[PDB]
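Peer 1: Give me a model of this one.
(one chain, ligands or ions: 1)
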Amino acid sequence: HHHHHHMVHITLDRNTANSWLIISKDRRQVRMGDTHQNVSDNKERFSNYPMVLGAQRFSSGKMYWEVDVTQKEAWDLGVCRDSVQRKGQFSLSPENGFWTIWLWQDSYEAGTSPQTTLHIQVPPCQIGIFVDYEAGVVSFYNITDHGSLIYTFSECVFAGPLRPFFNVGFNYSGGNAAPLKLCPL
Ligand SMILES: CN(C)C(=O)c1ccc2c(c1)CCCN2
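Peer 2: Numbering: from 1, shown residues only. Take a look at the structure below.
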């Protein structure tokens, strides 16, 4: 792909974070803490899952960013509507305002309803995310495998401003403590 030139500097929004997340001083890394992180509750925080949004809102144009997923067993990445549900249980689907992929139990899947099996020969250590607002496209790229395409959502009905979306995953196993990191431009 040749999307790198639409690179945007993403930072994480602390106020949207689940209360167990630890966001770095530079707002470019997030990981699961082993306890509540001593913050007040608010209506923006994702309650049920270890999720956080980027601060940036996009309503037009082309945007690209990259995320490091090294040594994680589980995570979700993509974009979502600014107005997505924060409290209670929900599925990651375009009907609910999410355009995402994930790793879970040694398989990669796109967040369609129902979910779609992905075919990845080289397990990615860094993921590229491309959004074309006007075209209604969200695409995912395997940076470890020379930028190979992972998945394209097309005919997207965004229906609002978009925000970068992150889920560091549960760490029941003790094998998923590593952070998500926004990679340098
Ligand atoms: C309990 N452990 C070890 C987890 O991995 C975990 C999973 C989900 C979740 C939380 C923790 C607190 C935030 C809300 N959801």
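Peer 1: which residues in this protein form helices?
Peer 2: Along the chain, no stretch is classed among the helices by DSSP state H.
Peer 1: quick one, phi/psi of the residue of it found nearest the ligand?
Peer 2: With Cβ to the nearest ligand atom as the measure, residue 170 is the residue of the chain nearest to the ligand, at 3.4 Å. The way it works is simple: take the backbone N, C-alpha and C, and place the C-beta from them, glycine included. Here is the backbone geometry of residue 170 (degrees, to the nearest 10): phi -60, psi 160.
Peer 1: And it, how close does it get to residue 69?
Peer 2: From residue 170 across to residue 69, the span is 15 Å (Cβ to Cβ, to the nearest Å).
Peer 1: So between those two, which is more surrounded?
Peer 2: Per other Cβ atoms under 10 Å, whichever of residue 170 and residue 69 has more neighbours is residue 69, with 23 against 13.
Peer 1: The more buried one is in contact with residue 125, isn't it?
Peer 2: Yes - here residue 69 lies in contact with residue 125, judged by Cβ atoms under 8 Å, at a distance of 6.4 Å.
Peer 1: so what's the residue most central in space within the chain up against?
Peer 2: Residue closest to the average C-alpha location in the chain (Cα atoms, centre = their mean): residue 77, at 2.3 Å. Residues counted as contacts of residue 77 (Cβ atoms under 8 Å, 6 or more residues apart in numbering) are 67, 69, 100-102, 127, 129, 140, 165-167, 180.
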